[PDB]
Amino acid sequence: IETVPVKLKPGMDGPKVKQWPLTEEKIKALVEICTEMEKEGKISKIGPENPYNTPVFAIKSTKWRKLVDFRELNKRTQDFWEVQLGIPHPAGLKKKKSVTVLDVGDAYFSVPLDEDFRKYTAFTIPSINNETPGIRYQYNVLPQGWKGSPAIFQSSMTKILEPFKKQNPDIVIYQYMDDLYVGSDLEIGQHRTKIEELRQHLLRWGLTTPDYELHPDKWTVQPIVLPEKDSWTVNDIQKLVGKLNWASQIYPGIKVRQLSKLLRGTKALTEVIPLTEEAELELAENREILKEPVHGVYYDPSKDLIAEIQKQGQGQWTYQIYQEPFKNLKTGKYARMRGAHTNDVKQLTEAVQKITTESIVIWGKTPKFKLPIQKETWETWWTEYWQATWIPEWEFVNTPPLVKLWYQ
Amino acid sequence: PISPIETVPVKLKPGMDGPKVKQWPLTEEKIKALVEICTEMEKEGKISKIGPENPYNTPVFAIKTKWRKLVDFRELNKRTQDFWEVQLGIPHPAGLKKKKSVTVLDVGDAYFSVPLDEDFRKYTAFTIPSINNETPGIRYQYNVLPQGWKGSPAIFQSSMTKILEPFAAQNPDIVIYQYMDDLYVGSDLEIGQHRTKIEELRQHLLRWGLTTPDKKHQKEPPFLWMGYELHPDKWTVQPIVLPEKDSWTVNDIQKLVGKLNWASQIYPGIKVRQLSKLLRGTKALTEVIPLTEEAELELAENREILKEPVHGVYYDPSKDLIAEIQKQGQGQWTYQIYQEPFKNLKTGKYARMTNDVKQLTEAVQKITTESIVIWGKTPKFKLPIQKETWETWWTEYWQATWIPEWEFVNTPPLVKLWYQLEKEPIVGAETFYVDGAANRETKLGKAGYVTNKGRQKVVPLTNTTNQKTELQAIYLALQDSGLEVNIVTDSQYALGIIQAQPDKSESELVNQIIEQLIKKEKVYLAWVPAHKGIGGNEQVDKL
Ligand SMILES: CCC(=O)N(C)CCOc1cc(Cl)ccc1Oc1cccn2cc(C#N)cc12
Ligand SMILES: [Mg+2]
């Protein structure tokens with residue numbers, strides 16, 4: 001097979017990202033995987049004249065998968081895979097009643113990679129205690145995790161999927177990186193059947209697939225809810241006013257002055273102030289503006305998507321995806337339902353992966369996360385529960401939120 | 001000498017040409033010793049003699065019982081492609097395993113022993129002047145890794161690594177560490193076998209053109225390596241010497257705090273808090289700084305623990321790994337890494353760049369990262385905190401946080417949380433409506449409160465900030481309140497600081513507030529929008 005030549009964006013030099021140190025268990029796993037892959041031609045050992053590098057990790061069933069972090073190499077070759085070989089994003093995938101996600105990364109491993117490009121796929125298995133230099137490979141085939149791989153392979157993919165698409169003209173199929181998202185409006189049971197058909201169909205054409213049932217019907221901007229309560233106190237009014245004031249930054253039509261007049265005299269926090277009709281109308285008038293959605297809230301595809309996550313306690317995390325402040329394109333919640341089985345970093349990591357999967361389905365792009373975690377902590381334990389082939393970009397927040405209940 | 005090793009191909013940075021540098025003639029006596037050495041390594045194939053056909057050139061110098069040849073390759077180095085980065089960092093003695101024997105081998109004339117890629121040799125050319133300087137010049141190039149060239153360390157490394165592979169396979173019981181131009185070979189074979197294998201290695205290497213020290217010249221332990229003392233069953237930092245001077249320069253303080261941290265991998269308890277507070281003052285380069293009083297006590301304490309010599313053991317992977325953490329004070333922590341109780345693998349300190357517990361978490365991170373680097377696993381931790389304390393703090397903290405398997409150790413100063421704020425306002429507690437302020441330019445301020453019972457105060461303030469008074473307001477309500485108080489403030493800044501449950505600070509205000517909050521029995525702190533018109537009439541009085 002001929003190799004699609006890959007030029008970089010001019011004036012860009014290849015990735016030079018230092019490799020994290022790894023537990024001995026994971027180094028051993030990586031050495032195993034790579035000895036096999038070198039044996040199958042998929043990668044080759046390289047010398048010191050190759051100065052580039054790209055981190056590698058080991059993640060997981062009961063077997064170790066290698067996971068290469070091509071985040072830098074992707075930005076450095078963005079034209080190739082977004083402009084030149086772009087894969088268009090189906091605006092109807094988000095509207096399907098069901099979306100299964102199929103791992104098809106194994107298709108790449110047969111297709112050769114351009115001989116002049118391989119140098120930039122270098123990676124290193126590190127050593128413990130710096131006892132040896134490090135084992136250096138570079139890829140000879142399209143690598144999993146690179147955004148060029150799927151772009152290069154979409155020709156072959158469009159052909160392999162043609163008979164299925166003709167037979168099932170209502171099923172939507174989108175390819176992000178190493179995964180196909182297939183949506184249908186079928187009964188859960190029909191859907192799982194149609195999916196085994198596609199699995200069998202892909203298998204009839206030499207594509208292996210191993211062995212998440214998402215539902216983008218309940219996927220919107222969730223509405224901010226005032227606490228309903230039978231009785232109200234000086235303090236309650238005070239939390240209530242504070243919540244409403246902050247929302248003013250989002251719906252400037254929050255009319256609350258009949259509440260500020262409510263308790264005008266310095267009163268104890270426990271004083272159970274009663275309800276004014278003039279005040280109560282400013283509360284129902286405001287709960288209505290809360291039911292409606294925002295104005296101006298549109299997806300600008302020239303810009304980047306931003307996700308903010310807040311820990312809420314008791315295993316509950318809230319998130320907002322936006323592009324400009326206060327103009328939320330989507331908000332939501334996550335909850336890990338296994339106590340004495342789940343811990344904070346597991347939750348943040350599962351949260352991060354659900355938000356990304358959502359974002360791929362709705363927009364075909366990933367957000368940059370604002371994570372509420374210490375940088376060094378996260379750089380140490382994310383692989384322990386990472387189950388995805390892509391890696392979104394991130395940065396860390398050190399300023400806490402003012403009122404976490406402001407989002408739930 | 002130049003070896004039958006296969007050369008690593010090298011090319012110049014894209015769209016660059018080789019150096020064409022100027023060669024101003026030099027001492028006639030120099031030009032003599034140069035050719036005496038220059039044609040003595042030509043006969044060894046390290047260099048050759050080329051005509052003016054090649055246009056590139058580089059300058060050459062002399063230095064000194066003999067002389068020595070030098071080539072500043074700075075102009076070429078800027079022009080040759082980048083390579084793989086020669087390993088950054090060093091193996092820590094804490095992470096070596098006890099081997100019955102360890103031989104050190106340093107390769108002679110390493111870079112000159114490795115061929116340089118043929119089609120890149122033109123770019124190494126130089127000219128030796130003809131004294132008369134109008135007389136013609138003799139032109140040489142290199143056939144081997146030139147001294148101090150950009151590619152040399154990294155190509156040398158990969159040649160050595162390759163040459164090792166055939167021997168590493170025949171002898172899987174021995175262990176070669178590589179470091180720059182040295183080989184460190186351990187083994188658990190009876191000293192006769194090990195000495196036989198060392199000679200097998202030397203001969204191997206010699207046939208690849210790498211000379212190496214005979215048994216007579218093989219260094220003997222303890223080993224003086226990278227500022228360590230490597231005894232066959234123990235390691236320590238080399239002798240560390242702290243000067244007793246009267247005056248102290250910026251540089252003198254830099255060199256001292258360095259020799260101290262260095263010592264802290266293995267000497268427990270060392271502190272650098274006050275010593276470094278001084279340099280943090282300004283970026284002065286050689287200004288003299290008066291030794292402060294507290295710093296002086298620190299240096300005295302450091303000098304005491306340094307008076308006696310301390311040692312560490314090496315790693316045994318069958319025996320698990322433990323890390324123990326002590327709090328020292330003013331945001332200073334110490335920890336030890338060991339496998340059995342009477343010798344440590346290594347020691348160290350963490351410092352605050354905050355809550356006592358948060359810092360502990362950050363220290364467990366620092367250690368965790370270091371363990372992974374040095375041994376490939378994480379320690380089990382012995383920690384001075386009650387499990388119930390930890391579970392309470394993390395469940396309520398806004399960051400996610402991870403705590404590898406750990407155990408409580410009832411060795412004070414234990415780590416505790418000192419107060420907690422009420423989740424909901426207190427019935428039967430006076431409610432205080434505090435506020436504060438100041439003027440940017442004027443620098444005067446006012447702080448006060450107004451309670452529901454009708455009580456009111458205002459205090460004038462000099463040399464204060466809108467933020468420093470908003471905390472003064474809160475301190476007023478705590479000074480003048482019963483054991484249960486509701487406070488209400490329009491300052492997120494002040495709410496933030498208090499909610500952070502800080503354990504101490506440099507800000508003495510905040511320390512007083514802390515001693516109040518620990519004194520109080522129930523405090524509920526609550527926030528309202530500023531300038532909204534609800535009980536905030538207290539801002540008028542402070543205004
Ligand atoms: C004195 C030695 C000793 O007896 N022990 C038990 C420590 C283990 O050191 C090695 C273990 C193995 Cl497996 C192989 C080689 C070892 O030597 C070194 C390892 C790292 C750095 N080095 C720098 C020098 C000097 N100069 C020597 C060593
Ligand atoms: Mg790597």
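Cut-off values and rules
- Residues numbered from 1 in each chain as written, not as in the entry; some residues may be left out.
- Chains lettered and ligands numbered in written order.
- Heavy atoms only, no water.
- Residues with missing side-chain atoms left out of burial classes, pairs and counts.
- Helix = DSSP H or I, 4+ residues; strand = E, 2+ residues; numbered from the N terminus.
- Rg over C-alpha atoms; globule rule 2.2 N^0.38 Å.
- Expected span 1.5 Å × (residues − 1).
- Polar contact = N/O pair within 3.5 Å; in protein donor to acceptor, adjacent residues only side chain to side chain.
- Pairing = 2+ DSSP bridges.
- Axes fitted to C-alpha atoms, helices over the stretch in contact; angles between N-to-C directions.
- Contact = heavy atoms within 4.5 Å.
- Nonpolar A, V, L, I, M, F, W, Y, C, P; charged D, E, K, R; others polar.
- Domains from an automatic or database assignment.
- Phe/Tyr/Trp six-rings, centres within 6.5 Å; stacked < 30°, edge-to-face > 60°.
- Left-handed = near helix turned anticlockwise from the far one by under 90°.
- Parallel < 35°, antiparallel > 145°, perpendicular 65-115°, else oblique.
- Salt bridge = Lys/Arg side-chain N within 4 Å of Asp/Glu carboxyl O.

## Let's talk about the overall build of chain B
- Looking only at helices and strands, chain B has 13 helices and 22 strands in total.
- The C-alpha radius of gyration computed for chain B amounts to 34 Å, which surpasses the reference 24 Å derived for 543 residues by more than 25%, pointing to a less compact arrangement than a globule.
- In terms of overall dimensions, chain B has C-alpha extents of about 105 × 65 × 50 Å along its principal axes.

## As for helix α8 (residues 356-375) of chain B
All names here are of chain B.
- Taking 1.5 Å per residue, 20 residues should reach 28 Å; α8 reaches 28 Å between its end C-alpha atoms and fits that length.
- Two or three places before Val357, at the start of α8, stands the capping residue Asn355, its side-chain oxygen 2.7 Å from that residue's backbone nitrogen.
- Where α8 ends, the next residue or the one after it, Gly376, has phi of about 85°, a positive value.

## Thoughts on the sheet that holds strand β18 (residues 435-438) of chain B
Residues and elements named next belong to chain B.
- With respect to topology, 3 strands assemble into an open sheet ordered β18-β19-β20, the strand pairing being antiparallel. The open sheet is flanked by β18 and β20 (456-462), the only strands paired with a single partner. This sheet shows a mean twist of 15° between the axes of neighbouring strands, independent of strand direction.
- Of the strand pairs in this sheet, strand β19 (residues 444-450) and β20 are connected by 7 bridges, and their pairing is antiparallel. Looking at the pairing, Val450 lines up with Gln456 of β20.

## Examining the interface of chain A and chain B
- Opposite the 52 residues of chain A that make contact, chain B presents 59 residues.
- Mapped onto the side of chain A that touches chain B, the elements with two or more residues apiece are α7 (234-247), α9 (344-363) and α10 (375-381) of chain A.
- Counted by class, the side of chain A that touches chain B contains 20 nonpolar, 20 polar and 12 charged residues.

## A look at the domain arrangement of chain A
Residues and elements named next belong to chain A.
- What the domain assignment lists for chain A is domain 1 (5-91 + 117-157), domain 2 (92-116 + 158-213), domain 3 (214-299) and domain 4 (300-407).
- Its C-alpha centre places domain 2 at a distance of 46 Å from the equivalent point of domain 3.
- Taken residue by residue, the interface counts 9 residues in domain 2 and 4 residues in domain 3.
- Of the residues that constitute the side of domain 2 that touches domain 3, the class distribution is 4 nonpolar, 1 polar and 4 charged.

## Section: unusual backbone geometry
Residue and element names in this part refer to chain B.
- Here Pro221 and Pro222 are connected by a cis peptide whose omega angle stands at -10°.
- When you line up the elements, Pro222 lands in the loop between α4 (191-207) and β9 (223-225).
- A cis amide bond, omega 5°, links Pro412 with the succeeding residue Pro413.
- Summarising the element assignment, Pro413 is placed in the loop between β16 (406-408) and β17 (430-433).
- Residue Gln330 is not a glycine yet carries a positive backbone phi of 45°.

## Considerations on the side chain of B:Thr489
- Structurally, the position occupied by B:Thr489 is in strand β21 (residues 484-489).
- With sequence-adjacent residues up to four places away left out, B:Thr489 is seen in contact with B:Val434, B:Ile474, B:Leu525, B:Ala526, B:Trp527 and B:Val528.

## Description of the sheet that holds strand β14 (residues 346-351) of chain B
All names here are of chain B.
- The mixed open sheet is built from 5 strands, whose spatial order is β14-β13-β12-β15-β16. The open sheet has two free edges, formed respectively by β14 and β16, since each of these has just one partner strand. Averaged over all pairs of adjacent strands, the angle between their axes in this sheet comes to 25°, without regard to strand direction.
- Strand direction decides the pairing type here: strand β12 (residues 322-329) and strand β13 (residues 332-338), joined by 7 bridges, are antiparallel.

## Brief notes about the packing of aromatic side chains
Residue and element names in this part refer to chain B.
- Their ring planes at 20° and their centres at 5.8 Å tell us that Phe112 and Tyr142 sit as a pair that is stacked. In this pair, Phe112 sits in the loop between β4 (101-106) and β5 (126-128) while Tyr142 sits in strand β6 (residues 138-142), placing the two residues 30 residues apart along the sequence.
- Judged by centre distance (6.3 Å) and plane angle (25°), the ring pair of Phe126 and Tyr140 falls under stacked. Residue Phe126 is located in strand β5, and its partner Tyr140 is located in strand β6; the two are separated by 14 residues in the primary sequence.

## Quick look at the domain arrangement of chain B
- Taken as a whole, chain B is organised into domain 1 (1-86 + 112-152), domain 2 (87-111 + 153-221), domain 3 (222-315), domain 4 (316-418) and domain 5 (419-543).
- One C-alpha centre belongs to domain 2 of chain B, the other to domain 5 of chain B; they are set 68 Å apart.

## Section: the packing of helix α10 (residues 466-479) of chain B against helix α11 (residues 492-499) of chain B
Residues and elements named next belong to chain B.
- Direction vectors running N to C along α10 and α11 enclose 65°, while the axes themselves pass 9 Å from each other. In this structure, the crossing between α10 and α11 has a hand that is right-handed. Contacts between α10 and α11 involve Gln467, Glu470, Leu471 and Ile474 from the first element and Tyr493, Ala494, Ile497 and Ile498 from the second.

## What about the pairing of β18(B)?
All names here are of chain B.
- Relative to β19, β18 runs antiparallel, the two sharing 4 bridges. What sits directly across from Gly436, in β19, is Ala447.
- From the end of β18 to the start of β19, which pair antiparallel, there are 5 residues, and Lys443 there has a positive phi angle of about 70°.

## Some details on the environment of A:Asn74
Residue and element names in this part refer to chain A.
- Inspection of the secondary structure puts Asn74 in helix α2 (residues 71-76).
- Along the backbone, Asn74 and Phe153 are 79 residues apart, and their C-alpha atoms lie at a distance of 16 Å.
- Apart from the residues within four sequence positions on either side, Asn74 is in contact with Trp81, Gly145, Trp146 and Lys147.

## Details of the packing of helix α5 (residues 250-264) of chain B against helix α7 (residues 293-307) of chain B
All names here are of chain B.
- As a packed pair, α5 and α7 sit with axes 12 Å apart at the nearest point and diverge in direction by 45°. When the axes of α5 and α7 are compared, the pair comes out oblique. Judged by the twist between their axes, the crossing of α5 over α7 is left-handed. Residues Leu256, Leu260 and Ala263 of α5 touch α7, and the partners they reach there are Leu299, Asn302 and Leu306.
- Among the residues forming the contact of α5 with α7, the class breakdown is 5 nonpolar, 1 polar and no charged.

## Quick notes on the pattern of salt bridges
- The partner of B:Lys13 in a salt bridge is B:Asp82, and the shortest N-O contact between them spans 3.8 Å.
- B:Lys150 is the partner of B:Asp82 in a salt bridge, and the nearest nitrogen-oxygen pair spans 2.7 Å. Here B:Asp82, found in the loop between α2 (74-77) and β4, pairs with B:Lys150, found in the loop between β6 and α3 (152-170); they are 68 residues apart in sequence, far enough to count as distant.
- Each of A:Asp13, A:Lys16, B:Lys13, B:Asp82 and B:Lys150 takes part in salt bridges that share partners, so that together they form one network.

## A closer look at α4(B)
Residue and element names in this part refer to chain B.
- Spanning 17 residues, α4 covers 24 Å between terminal C-alpha atoms, matching the ideal 24 Å at 1.5 Å per step.
- For α4, the capping residue at the N-terminal end is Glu190, with a side-chain oxygen 2.7 Å from the backbone nitrogen of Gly192.
- Phi turns positive, to about 85°, at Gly209, one or two residues after α4.

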